[PDB]
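Residues per chain are reported as follows:
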Amino acid sequence: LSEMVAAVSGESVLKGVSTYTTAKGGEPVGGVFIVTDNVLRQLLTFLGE
Amino acid sequence: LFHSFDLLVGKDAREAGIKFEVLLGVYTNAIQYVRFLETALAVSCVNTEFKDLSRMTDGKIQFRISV
Amino acid sequence: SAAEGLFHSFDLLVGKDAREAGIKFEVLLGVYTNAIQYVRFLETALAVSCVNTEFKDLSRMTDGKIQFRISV
Amino acid sequence: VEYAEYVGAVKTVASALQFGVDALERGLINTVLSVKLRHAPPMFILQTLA
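Residues numbered from 1 in each chain as written, not as in the entry; some residues may be left out. Chains lettered and ligands numbered in written order. Part of a larger assembly, values for the part shown. Heavy atoms only, no water.

Structure determination for this PDB entry was carried out by cryo-EM, with a resolution of 4.1 Å recorded in the header.

A. How the structure looks around the interface of chain D and chain B. Across the boundary between the two partners, chain D contributes 7 residues, which contact 5 residues of chain B. Summed over both partners, the interface of chain D with chain B comes to about 540 Å²; 55% of that surface belongs to carbon and sulfur atoms. Of all residues in chain D, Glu5(D), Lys11(D) and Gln18(D) give up the largest surface area on contact with chain B, accounting jointly for 60% of the area buried on that side. On inspection of chain D and its partner chain B, the count reaches 1 residue pair in polar contact. A per-class count over the side of chain D that touches chain B returns 2 nonpolar, 3 polar and 2 charged. (Contact = heavy atoms within 4.5 Å. Buried area = accessible area lost by both parts, 1.4 Å probe. Polar contact = N/O pair within 3.5 Å; in protein donor to acceptor, adjacent residues only side chain to side chain. Nonpolar A, V, L, I, M, F, W, Y, C, P; charged D, E, K, R; others polar.)

B. Main features of the side chain of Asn34(C). By the secondary structure assignment, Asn34(C) is in the segment after β2 (22–33). Engagement of the side chain of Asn34(C) in a polar contact is seen with the backbone oxygen of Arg14(B), the distance being 2.9 Å. Apart from the residues lying within four places of it in its own chain, the contact partners of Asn34(C) are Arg14(B), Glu15(B), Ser15(D), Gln18(D) and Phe19(D). (Helix = DSSP H or I, 4+ residues; strand = E, 2+ residues; numbered from the N terminus.)

C. Molecular detail of the interface of chain C and chain B. Contacts between chain C and chain B engage 22 residues on the former and 24 residues on the latter. Summing both sides of the interface, chain C and chain B together bury roughly 2,000 Å²; the carbon and sulfur share of this comes to 60%. Inspection of the chain C/chain B interface yields 0 salt bridges. In this structure, the connection of chain C to chain B is made through 13 residue pairs in polar contact. Both strand β1 (residues 16–28) of chain B and β2(C) contribute to a ladder of 12 bridges, which runs antiparallel. Bridge assignment links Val26(B) to a residue of β2(C), and that residue is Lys24(C). (Salt bridge = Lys/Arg side-chain N within 4 Å of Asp/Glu carboxyl O. Pairing = 2+ DSSP bridges.)

In structure tokens:
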């Protein structure tokens, strides 16, 4: 997953303010992972928290 | 500057914004907007506003020619 | 064309106070993005690996010298 | 329209100024790292000579 984030998040034009902050820490959300339900049910156990 | 270019590009002026690039010149056409009272063949036809053609269903009219 | 990717804000009408025709000159504005990260030499961790001096006239010097005298 | 030209030239000149300065800073860090690399013996020699 971190290799995917490093392979995607690079140079991009037309930037702005820190959009889509969370609630707990308040950090910006870097990306989103669209997945199916089986891999969603798995990847909250391989990660756990 | 006549438009709404603020939230597309962002808030900062050093990273982003707008800038003049090219001064282009094209030629718009002018068309003569004629009207019926402005032209001269409204002399031959006296024109009144009947405002509903459907009233005269008869296709003929009676002339009372008195000599 | 040269109007293939640009916005335009307004026009320049040539002295026509009540006409919309003629030669029109439009300001074809452009968007620009300065994709840069402001790095300094003293802002990276490489600056621990050097001791840096602001020497304002280094083009005037032609050679440098430091003498080390080792007392064995 | 001349005011649209004037800030359009200011935003080009100050940009080329801050793209000549940061180009020089990246040149500085590049030549510092190349100086460090020119005085860099490998590890498999300094393993024994040090």
